[PDB]
RNA sequence: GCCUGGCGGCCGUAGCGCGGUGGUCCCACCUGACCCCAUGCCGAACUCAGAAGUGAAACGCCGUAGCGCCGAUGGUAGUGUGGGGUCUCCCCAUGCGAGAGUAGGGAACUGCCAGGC
RNA sequence: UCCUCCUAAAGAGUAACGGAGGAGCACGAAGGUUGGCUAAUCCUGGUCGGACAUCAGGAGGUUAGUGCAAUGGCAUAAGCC
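Residue numbers (the entry's author numbering), protein chains in the order written: chain W, 6 to 84; chain V, 1 to 94; chain O, 2 to 117; chain M, 1 to 136; chain 1, 3 to 52; chain F, 1 to 178.
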């Protein structure tokens with residue numbers, strides 16, 4: 006028969022890279038599709054809707070593993 | 001008795017180990033849990049004949065390095081996948 | 002386990018207050034006593050504490066772990082908080098309901114001057 | 001025989017054959033037919049070598065088959081052009097790397113095992129060797 | 003496409019309206035909601051459909 | 001009065017005096033016993049609520065739980081769960097009252113137990129009782145409903161009773177006096 | 001110094017199992033419930049008022065490696081660059097270098113406040 | 001035309017008449033908030049309950065569930081009231 010169909014996305018991964026000086030609201034990890042690979046806990050709580058993680062203060066990205074579940078968190082720390 | 005004459009390893013790594021196997025010798029390691037492990041090389045044909053002797057694994061062996069007798073026991077043997085020869089032995093201090 | 006269920010109830014508001022950087026007035030309630038702790042937003046050091054097991058509070062009360070005891074502990078913790086000079090704390094239920102001794106402690110802190 | 005009862009997916013990618021095999025030791029039996037060289041072992045070749053073994057040992061002792069044909073191989077029919085989808089699944093192979101013990105044997109004398117392994121090796125495409133159980 | 007488009011008309015006397023969808027097979031009653039009327043700048047009742 | 005019996009007897013005199021055992025918190029305690037009903041896929045019945053609310057509102061004025069499914073998994077066409085049972089778990093003083101009224105109906109009059117009532121055997125700690133015979137009813141109409149006390153009553157019991165069981169108290173069926 | 005409670009840090013060298021141990025200091029079960037309140041019934045739970053009783057359960061502490069968990073050294077697989085046999089796969093120089101196993105470790109450590117001895 | 005996975009080479013992207021599946025909706029609650037709660041499965045005693053209807057106990061730990069495909073999620077639950 007026939008089985009040749011596919012969808013499209015054009016980004017699916019992080020943009021902030023833990024040295025990245027992201028200001029204001031830059032999407033640190035857009036189209037993660039989900040709050041579980043990365044959580045936002047440094048600059049308050051990101052993860053608005055479609056779980057896009059974004060900065061809330063002008064500063065450097067921070068990647069870290071916290072919690073009892075060994076979950077990965079994106080933080081924003083000041084320069 | 002099972003005495004093996006062994007030499008210490010000047011260089012470690014995959015290239016050095018393949019150079020040993022090209023020169024018809026093979027690497028080995030001795031560890032005891034009380035002091036630092038010692039990396040040695042062995043004469044492959046002699047240690048092969050001691051493999052073919054079936055009592056190689058049960059009893060206590062004697063490795064001579066620099067004139068020093070070390071009482072060991074064969075823990076595991078890394079064998080070549082499709083040839084009779086053998087690549088690596090680890091010895092636990094007995 | 003009742004303590005584990007209480008921690009599961011408390012955890013959502015505890016992490017929400019941790020993310021806001023809020024100084025938490027937490028309350029612990031037992032059948033015998035009630036405890037109040039104003040804790041700095043880092044969560045590691047306790048700024049102000051007032052307990053029913055403290056003898057100065059406990060000697061004035063007919064029964065420890067009463068609603069009157071909860072009001073006395075809330076008044077005491079708000080008095081020591083205003084003596085320390087800190088204000089604008091956020092109240093943590095710590096898994097309990099806002100009812101009875103917990104509500105009485107928070108109402109006494111609000112009356113004595115600790116604003117939420 | 002030796003086609004799997006179910007598969008998660010009907011067809012696979014072609015892939016490439018790996019470096020060296022896992023399962024080089026003689027584990028269950030006392031003698032083994034180790035592989036020296038790469039190739040794909042068809043289920044029909046596996047069955048033919050098994051029958052040669054079993055009749056050579058006269059259905060005595062016990063024989064282990066350590067490999068399984070879990071990869072479907074598709075072939076296009078005759079006089080059809082390229083494209084128009086992937087072809088129909090025709091037969092099943094096991095990817096063999098050097099050092100893979102293919103068969104195992106126990107309960108027989110060693111020379112009878114060698115004769116049975118030689119008659120199986122005459123049916124297999126890849127070069128094989130006789131191996132014996134070794135303690136480590 | 004069983005759901006069909008309806009209006010919600012302000013009860014504050016203005017011409018302002020919202021639009022939404024509703025299925026009359028399961029919800030035949032008229033939908034009433036307190037919505038913001040930007041002409042009046044207050045939250046008022048919105049009920050009437052097209 | 002059975003709560004006063006539990007507080008009073010078998011505990012306080014002899015084992016307290018001669019040879020000490022550790023705790024009245026360690027001796028087994030009767031927790032909330034329960035009763036359940038098991039009606040079919042019909043929803044139109046009111047008889048289940050009638051009997052359970054009668055046994056509850058002979059003293060109280062409350063209603064039983066109408067239970068649909070704890071499991072919420074159905075082999076029928078509707079997976080959501082139809083209301084197909086009643087629950088009354090007994091409670092404190094009313095628990096002891098219901099246990100006492102069950103004893104004072106079943107025990108002192110030999111009516112129910114013909115032969116050996118224990119036929120299905122396994123070990124792990126279950127006592128459900130289904131009489132299938134109407135033992136008591138509070139109204140003047142003794143038996144007008146379709147249900148004949150087929151409901152199960154669950155008592156949880158480590159059925160061993162070893163020391164004074166095999167000493168003097170077995171179970172069986174000879175009413176005697178002093 | 002010891003024990004207990006609360007809030008953390010760190011998240012299996014942190015847990016589970018087995019055995020022992022603690023009591024109107026503290027905490028748990030526990031007493032009662034019209035009343036502050038709640039059960040689609042449930043003073044189970046949530047609450048409130050607390051004369052007695054035991055720590056039995058839970059919880060805390062200690063011991064035990066049985067299971068989880070961590071885990072080298074050496075070797076192997078892979079691979080960047082350059083070169084070489086190649087029919088579909090490898091080899092050499094050099095750089096990086098696992099995973100699984102092995103020896104072994106492991107019955108957490110720590111900060112603030114409060115209470116009793 | 002749109003969505004999900006793989007191909008796709010550990011950033012994004014990436015073709016074939018390549019390998020598999022779905023969508024052209026639904027919901028005024030199936031949205032918001034507050035308060036509360038935790039599954040699948042297995043072993044047992046009892047009314048047609050029989051292997052699976054409903055209770056009670058134990059084991060287990062998310063093997064469940066998500067309005068609908070697949071993927072990534074989810075216990076502070078986004079799962080249930």
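C-beta: ideal position from N, C-alpha, C; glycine also.
Exercise for review: Reducing DSSP to helix, strand and coil, say where residue 151 (chain F) ends up.
Suggested key: coil
Practice item. Note down, in chain order, every chain V residue with its Cβ under 7 Å from the Cβ of residue 98 (chain M). Key: 81, 82
Exercise for review: Using a Cβ-Cβ cut-off of less than 7 Å, give me the residues of the region 45-74 of chain V that come near chain M, in sequence order.
Suggested key: 57
**Study point:** Whether residue 103 (chain F) touches residue 83 (chain F) by CB criterion (8 Å)
**Key:** No. Outside cutoff.
**Study point:** Residue range of the alpha helix (DSSP H) that includes residue 48 (chain 1)
**Key:** No alpha helix (DSSP H) holds residue 48 (chain 1); the beta strand (DSSP E) holding it covers 44-50.
Review point. Helix, strand or coil for residue 62 (chain V) per DSSP?
Key: strand
Review point. Under 8 Å, do residue 32 (chain M) and residue 107 (chain M) count as touching if we go by C-beta distance?
Key: no
Review point. Any Cβ of chain V within less than 8 Å of the Cβ of residue 54 (chain M)?
Key: Closer than 8 Å: no.
**Study point:** Separation of residue 13 (chain 1) from residue 73 (chain W), as counted between CA atoms
**Key:** 54 Å
Review point. Rounded to a whole number of angstroms, what is the C-alpha to C-alpha distance between residue 148 (chain O) and residue 58 (chain O)?
Key: The requested residue 148 (chain O) does not occur in the structure, where chain O is confined to residues 2 to 117.
Check your understanding: Taking all protein chains shown into account, do 16 or more other C-beta atoms lie within 10 angstroms of the C-beta of residue 45 (chain M), making it buried, or fewer, making it exposed?
Key -> Classification of residue 45 (chain M): buried, given that the 10 Å Cβ count is 16 or more.
Review point. Would residue 44 (chain F) pass as a contact of residue 138 (chain F) if the rule is Cβ separation under 8 Å?
Key: In this structure, residue 138 (chain F) does not lie closer than 8 Å to residue 44 (chain F) by Cβ.
Check your understanding: If you draw a straight line from the alpha carbon of residue 73 (chain M) to that of residue 75 (chain F), how long is it in whole angstroms?
Key -> 41 Å
**Study point:** Buried/exposed call for residue 34 (chain O), threshold 16 Cβ in 10 Å
**Key:** buried
Check your understanding: For residue 78 (chain M), does the count of other Cβ atoms within 10 angstroms reach 16, so buried, or fall short, so exposed?
Key -> exposed
Practice item. Would you be able to state if there are at least three C-beta pairs under 8 Å between the region 48-56 of chain F and the region 143-151 of chain F? Key: yes
Check your understanding: Counting along the chain, where does the alpha helix (DSSP H) carrying residue 17 (chain V) start and finish?
Key -> 14-22
Point to revise | Residues near residue 125 (chain F) in its chain [Cβ-Cβ closer than 8 Å; skip 5 each side] | key: 156, 157, 158, 159
Check your understanding: Does the beta-carbon distance from residue 115 (chain M) to residue 26 (chain M) come in below 8 Å?
Key -> no
Exercise for review: Go ahead and pull the three-state DSSP assignment for residue 73 (chain O).
Suggested key: helix
Check your understanding: What residues match up with residue 128 (chain F) in a beta bridge as DSSP calls it?
Key -> 154 (chain F)
Exercise for review: Output, in sequence order along the chain, the residues in the region 14-35 of chain M whose CB is closer than 9 Å to any CB in chain V.
Suggested key: 20, 21, 24, 25, 34, 35
Exercise for review: Determine the direct distance from the alpha carbon of residue 31 (chain F) to that of residue 2 (chain M), and round the result to whole angstroms.
Suggested key: 59 Å
Point to revise | Backbone CA spacing between residue 143 (chain M) and residue 69 (chain M) [nearest angstrom] | key: The displayed coordinates of chain M run from 1 to 136. Any statement about residue 143 (chain M) would go beyond what the structure contains.
Review point. With 16 as the cutoff for other CB atoms within 10 Å, does residue 45 (chain 1) come out buried or exposed?
Key: Exposed is the label assigned to residue 45 (chain 1), since fewer than 16 other Cβ atoms lie within 10 Å of its Cβ.
Review point. Candidates 106 (chain O), 87 (chain O), 4 (chain O), 108 (chain O): which alpha carbon is nearest residue 49 (chain O)'s?
Key: 87 (chain O)
Review point. Any chance the region 42-58 of chain M sits against the region 83-94 of chain M, with 3 or more Cβ pairs inside 8 Å?
Key: yes
**Study point:** Rounded separation between residue 80 (chain V) and residue 9 (chain M) - CA only
**Key:** 35 Å
Review point. In or out: residue 82 (chain M) buried (at least 16 other Cβ within 10 Å) or exposed?
Key: In this structure residue 82 (chain M) is exposed. Its beta-carbon is surrounded by fewer than 16 other beta-carbon atoms within 10 angstroms.
**Study point:** Among 73 (chain O), 100 (chain O), 85 (chain O), 96 (chain O), nearest to residue 112 (chain O) - alpha-carbon criterion
**Key:** Between residue 112 (chain O) and the set 73 (chain O), 100 (chain O), 85 (chain O), 96 (chain O), the nearest pair of CA atoms involves 73 (chain O).
Point to revise | is_contact[residue 20 (chain O), chain W] using C-beta, thresh 8 Å | key: yes
Review point. Hey, would you say residue 79 (chain F) sits closer than 8 Å to residue 88 (chain F), going by beta carbons?
Key: no
Practice item. Return the chain-ordered ranges of every alpha helix (DSSP H) run that is complete within the region 50-129 of chain F and spans a minimum of 4 residues. Key: 92-106
Practice item. Anything in the region 24-50 of chain W with a Cβ closer than 8 Å to a Cβ of chain O? List those residues in chain order, please. Key: 46, 49, 50
Exercise for review: From the DSSP output, in three-state form, read off residue 28 (chain V) for me.
Suggested key: The answer is strand: DSSP assigns residue 28 (chain V) an E or B state.
Review point. Is residue 50 (chain 1) closer than 8 Å to residue 7 (chain 1) when the C-beta atoms are compared?
Key: no
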